């Protein structure tokens, strides 16, 4: 019951988070390339980030080019870092669980 | 493309979110054994879920048993559900992205014919 | 066998050490490469054993397959004293063209203390410079005018004055402005001089502008540098790379002779230091500028991009007297400077005000925070915003506050005292990502 | 709303032009890139008519074959650039645009200097034609050679070796490019003894001799101190590392040379750091047009036979670019824009390193009469015989060409025959028992 | 409480070293002398870390045979000395320390110039090898 929809939701979350990460990449790439558009994008985006899939839908209605672009970026980041996350979140929590238990053992 | 940075962030965010989900697991299970604590933990954690280690530091200052319990729960979660993750994210993103482009192509041809 | 690969040689202190990263071509053994790189950069009646450059350690860069780190030792005799030019020519001249290597990149160099003692270095450097500018206890503010040409020197001069009177310490010449048909250099100098004199008097604070002396010929560069000296200007700037090390080494000695601070702009650096697999990394070049001469050096922005780990490293390298090897920060060998003074790192480009508390905590009081463009109210209020923002941060730190998890508040709070700072912050409605709770 | 990408703009003749090749990052469209590159190098800020100063990106095309690689053409107003200053040209073009986060890689491929700008530079202190009249060498390429080893050799002895060479029938000799003034060979001494070798050998051969003295130094002051003193000795030629020393320092030296009528050899130390990689940096083709402009009479173009194809076409191209007065744009030889020089003199390409005698006929057929064929290291009999060998081989080659023979198809014989007259040339040729591949027959 | 006599300090390579021989006046102990000599030639005044600049007297031994004669070894930070300037080296080492009322006699015996300092001097305009070729 748990793990099935625990992982299901976490996937939808990761999806949304990479979209934010795709946005912040397109921000910086535009930060140098087109300050005007970069400024516009940043202001428009503020707060929206919550849902990644709803965000593209919203951005499509405003400036479709930029919506498309983020889609290709999020796709590129996923394919190129996804395989490596399981070997990091596990060993990141395991490194945090051994370290915090050391603090409790002394004090 | 600064993937080294984008990986370490998704790791720390996923870790901060697997701390939140570990809290949901101990809350629903302790909801049947301690109604007063199921509300106590709900009150204490309200709006503090946005950081995994900022949450644990404050819970160690309150009840060390509750802090270690979440630590082992989030330990179990990642060791279990993390292996299937990447397959889901990518195919998920690609299924969605392909579909959003189709919708864009359908909104493209609807503006093409009206021109 | 090869006498250029000596796997047991322990470096003498007086040696010059170099760390290269290379991919050898299919078939080429690593030891052969490290040895050829050693041979070519050094030498090849043979009591020559003194002068040969030895390759004394090779290792594989973790992760990256077909990547090697080669350490080479050079004797103190190979290099002309005070010559950064000859240092380069001896190290980088030719080793980069080998058909047996797919790519070579120079990561680090340990300049021995005996060689360092033969360079002037910064004409003043951090410590001294403050005593001269009378600025203490905080990083120094500067900012870049925009655009370049299309502004009559009278206006550039008016624009500069707006900024210095707004509460800044420095303003800068757009780096590709030397002397073009519609802004001849001597005019710029006059009007910039006048902008300093006015604004300094009205504020009671030492004001500066990095006048851009960079020129076609050495003769011409000195003409500019010292007419700038004639005006009583406190600081001039130089594009050390596109101009050349020889041309600079020159200017830096002049600067010590005339007590004029030196602002070094790192133009063209991306052509060399960008690519991981090939070229010279910036940490090397940074050391060479410290060696040649310069009081400021653009170490680039930190808060954009790994960048961090590697940047903090060479910031340490251009500031400190002793630097412990620490590979994780990019520091390949321990480095002494033997009381040669440090160069003020300059954080340039891309940064607006929100970055302020980050920039303070990362860089500290010995840095220049350069702010090239744009505040909705003009140059002066922009300069005021950025000053208050900074003052607010220095004090927040000194009181003991956490500039990472508190930066937000620290600015929003002081934001209620400067309406100019208020409008600056208003411009950037921040984005934070929260995951779907409840 | 991007005014930095103008696909219809036809460039004015007085414009500066630049061809970049780039790999755009995932997501970035090509026109966004070319425009940003145009903006940054020019104005870039984003009541006047600024239009004059804004540099325009006027054409974009994808590289044939290569995926994710585009050529970007940009035009620059003549007003953007300070006169005689390559430094400023560089800082304006290559200053910043290479660092873009939205770019995987950037390589500058060619620049069209407008005649109107070319006219503001001195160029070579003498250049090909003048220098022949100065040295009295005509009708053949010029023979030089490098002495090995570097240090670990006293002035008296380096000088001795230089004499041995020049006397053996060579035009030129050169300092190792990392020889300036070290703890065991201070320049003042190297200069004394080299001068002595020239004077002696010159009187003994009855032929103009020269050695490229490396005035490359730490400061402009020091660099001049040496050139000044090489002049005092009546030396006809000095060398300078334009890249590691820098362009400002060079522009200075090249003027001084014209004022004192001293020939100026130019070694491109550290060029490989910039020009090696196909995907990033600046191509040597550009740096050569720059070295032409700043100043210099010779320039190391590297050999064309050690390195293989595609260097060939590209090198032939820029040899033409530094030699001729008008160069037709030819993409196949890597020449992006038609270049004029408005009677600015040509630079002698110098074919350096890794080449021995066997290469001789090839070198002559490729580079022709206006070249300097350097020969550093080694003949079994010493410097002089080695020099003689190389010299006779050359003389034999020129005449064989003038007689009308195929230096590719007949190179072998043209040498073997000449070898029956020079035992030194024999010894050298016989040192290389050459390899040929025939497939199995019968 | 004398920080100018440090018997355990092992000299750095970049240090300047100096060996004095002295006769201490009746009453004066040898360590008092070597320390004063160290102090005077260096800082000598008696919130910072001055330690860098203080010249340390690091070894003392009596001259074999000769009674009332000691060797005093002193180390000097590379930073004490102006470059190429023997004048400054002299003024720093032999400037004052020879006048001490608590000393019968002082003789400077040898100096170890560190390679790091040697490198700041031009030295002989030509020197043996060059001059033969000349």
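Using the alpha-carbon centroid of each, what span in Å lies between segment D:142-181 and segment E:101-118?
Distance between centres, Cα-based: 46 Å.
From the Cα gyration tensor of segment C:120-438, with a ≥ b ≥ c the square roots of its eigenvalues, which class applies: rounded if a/c is under 1.5, or else prolate if a/b is larger than b/c, or else oblate?
oblate
Need one value for B:17-28: mean number of C-beta atoms belonging to other chains within 10 Å of its residues' C-beta atoms.
Details: counts 7, 6, 2, 3, 7, 2, 0, 3, 2, 0, 0, 1.
Partner-chain Cβ atoms within 10 Å, mean over residues of B:17-28: 3.
Given segment C:120-438, what percent of its DSSP beta bridges are antiparallel, to the nearest 5?
Antiparallel bridges: around 15 percent, rounded to the nearest 5.
In a GNM of chain B with a 10 Å cut-off on Cα contacts, which of B:94, B:15, B:50 has the highest mean-square fluctuation?
Of the options given, B:94 has the highest mean-square fluctuation.
Looking at the calculated P(r) for the protein assembly as shown, what percent of the C-alpha pair distances fall above 45 Å?
Cα-Cα pairs of the protein assembly as shown separated by over 45 Å account for 47 percent.
Okay, helix-only estimate at 222 nm for chain C: each DSSP H run of n ≥ 4 adds -39500 (n - 2.57), divide by all residues, round to 500 deg cm²/dmol; what do you get?
Calculated at 222 nm, the ellipticity per residue is -11500 deg cm²/dmol.
When the helices in chain B are scored as -39500 (n - 2.57) per DSSP H run of 4 or longer and the sum is shared across all residues, what 222 nm value do you end up with, to the nearest 500 deg cm²/dmol? Don't skip to the end; give the middle numbers.
Details: 5 runs with 92 residues, N = 115.
My calculation for chain B gives -27000 deg cm²/dmol from helical runs alone.
So if I take the centroid of the Cα atoms in segment B:11-28 and the same for segment C:208-248, what is the distance between those two points in Å?
59
Shape of segment C:274-346 from its Cα gyration tensor (a ≥ b ≥ c, root eigenvalues): rounded if a/c is under 1.5, otherwise prolate when a/b > b/c, or oblate?
prolate
Could you tell me the relative contact order of chain A? Use alpha-carbon pairs under 8 Å, at least six residues apart, and round to a whole percent.
28
Within a 10 angstrom radius of each residue's Cβ in D:338-350, how many Cβ atoms of other chains show up on average? Whole number is fine.
Mean inter-chain Cβ contacts per residue within 10 Å come to 0.
What angle, in degrees between 0 and 90 and rounded to the nearest 10, separates the Cα long axis of helix B:3-29 from the longest principal axis of the Cα atoms of chain B?
For helix B:3-29, the angle is close to 50 degrees.
If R0 is 22 Å, what FRET efficiency do you get for residue D:208 and residue D:232 from their C-beta distance, rounded to 0.05?
0.70
Under 10 Å, Cα contacts only: if you run a Gaussian network model on chain B, which one of B:69, B:102, B:24 comes out with the highest mean-square fluctuation?
Its mean-square fluctuation being the largest, the pick is B:102.
Using a 10 Å cut-off on Cβ to Cβ distances, tally the other chain neighbours for every residue of B:70-78 and report the average as a whole number.
Partner Cβ neighbours, averaged per residue: 4.
For chain A, find the longest principal axis of its Cα atoms and tell me its angle to the long axis of helix A:52-62, 0 to 90°, nearest 10.
Tilt of helix A:52-62: around 10 degrees.
Rounded to the nearest angstrom and ordered from largest down, what semi-axes does the equivalent ellipsoid of chain B get from its C-alpha gyration tensor (root of 5λ)? Present the calculation step by step, with values, prior to reporting the outcome.
Working: eigenvalues 325, 64, 39 Å².
Each semi-axis is the square root of five times an eigenvalue, giving 40, 18, 14 Å.
What do you get for the angle between helix A:64-81 and the principal long axis of chain A? Use alpha-carbon atoms, 0 to 90 degrees, nearest ten.
With both axes taken from Cα atoms, the answer is about 30 degrees.
At a 10 angstrom cut-off on C-beta neighbours, averaged per residue, how do the peptides D:400-409, D:351-360, C:247-256 rank from highest to lowest?
C:247-256, D:351-360, D:400-409
Would you please classify the overall shape of segment E:40-91 from the alpha carbon gyration tensor, given that a ≥ b ≥ c denote the square roots of the eigenvalues, rounded means a/c under 1.5, and beyond that prolate means a/b larger than b/c while oblate covers the rest? Can you show the working numbers first?
On the way: a/c = 2.92, a/b = 1.63, b/c = 1.80.
It is oblate, given that a/c is not under 1.5 and a/b is not larger than b/c.
Going out from 0 in 10 Å bins, what whole percent of all Cα-Cα distances in segment D:1-121 drops into each bin?
13, 47, 31, 8, 0
Every residue, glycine among them, receives a Cβ derived from its backbone with ideal geometry; neighbour counts consider all protein chains shown. Bear in mind that the values in this text are calculations on the coordinates, not laboratory data.
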